[PDB]
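We count ligands from 1, going down the list as the structure has it; atoms in each ligand are counted the same way. The sequence lines fix the lettering, A, B, ..., with proteins before strands; numbering per chain opens at 1. All heavy atoms count here, side chains included; hydrogens, waters and symmetry mates do not.
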Protein chains: 2
Amino acid sequence: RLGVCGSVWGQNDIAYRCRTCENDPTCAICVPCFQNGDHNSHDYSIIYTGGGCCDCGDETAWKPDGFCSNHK
Amino acid sequence: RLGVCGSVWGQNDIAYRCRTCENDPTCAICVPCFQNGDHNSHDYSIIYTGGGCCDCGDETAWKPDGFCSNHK
Ligand SMILES: [Zn+2]
Ligand SMILES: [Zn+2]
Ligand SMILES: [Zn+2]
Ligand SMILES: [Zn+2]
Ligand SMILES: [Zn+2]
Ligand SMILES: [Zn+2]
């Protein structure tokens, strides 16, 4: 559609790591952002976050081709 | 052929609005997707996007009959 997520996790909340899309190993995206992007052949995993915030839409934390349809 | 576009616009990049195909007035498709679909008697216009991403292939933003040959 015509035009950062920043959703927040608590201690035991799950999220996705995607090693193909991350800027570095501390980056992560929320489950909705993961589900609305394309990671089909990517090396992704469900993680327990220990808290933090979603990197989707932030080119300094996540590769743009890994953004979801709502944060491009 | 056998089986979302998500191409991204910058601020001053053009795209197409199709009022016949859009799910709402904030939806748009890129020029290649417009040219590879059928909008013959549709109420379409070239627009300056102000940024965003192409909705072609996403049934939640665009009517499937409006998808191009590459996103069906
Ligand atoms: Zn998110
Ligand atoms: Zn997102
Ligand atoms: Zn990925
Ligand atoms: Zn497109
Ligand atoms: Zn298309
Ligand atoms: Zn149309």
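Between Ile29(A) and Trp62(A) there is a side-chain heavy-atom pair separated by less than 4.5 Å. Between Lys63(B) and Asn23(B), some side-chain heavy-atom pair lies under the 4.5 Å cut-off. Contact check for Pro64(A) versus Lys72(A): no side-chain heavy atoms found under the 4.5 Å cut-off.
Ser45(B) OG to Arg19(B) CZ: the interatomic distance, rounded to the nearest 0.5 Å, is 3.5 Å. With rounding to the nearest 0.5 angstrom, the NE2 atom of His39(A) is 9.5 Å from the OH atom of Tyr16(A). Taking SG from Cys18(B) and CZ from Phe34(B), the interatomic distance works out to 6.5 Å, rounded to the nearest 0.5 Å.
Around the Zn ion (ligand 6), protein N, O or S atoms at a distance under 2.8 Å total 4; waters are neither shown nor counted.
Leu2(A) and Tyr48(B) are members of different hydrophobic clusters when ILVMFWY side chains are connected at heavy-atom separations under 4.5 Å.
Residues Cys27(B) and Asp55(B) share a closest heavy-atom pair of CA-OD2, 3.2 Å.
Salt-bridge formation is detected for the pair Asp24(B)/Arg1(A): a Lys NZ or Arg NE/NH1/NH2 atom is positioned less than 4.0 Å from an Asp or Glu carboxylate oxygen.
Within the sub-2.8 Å shell of the Zn ion (ligand 1), the protein contributes these N/O/S atoms: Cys5(A) SG, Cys30(A) SG, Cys33(A) SG, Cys54(A) SG.
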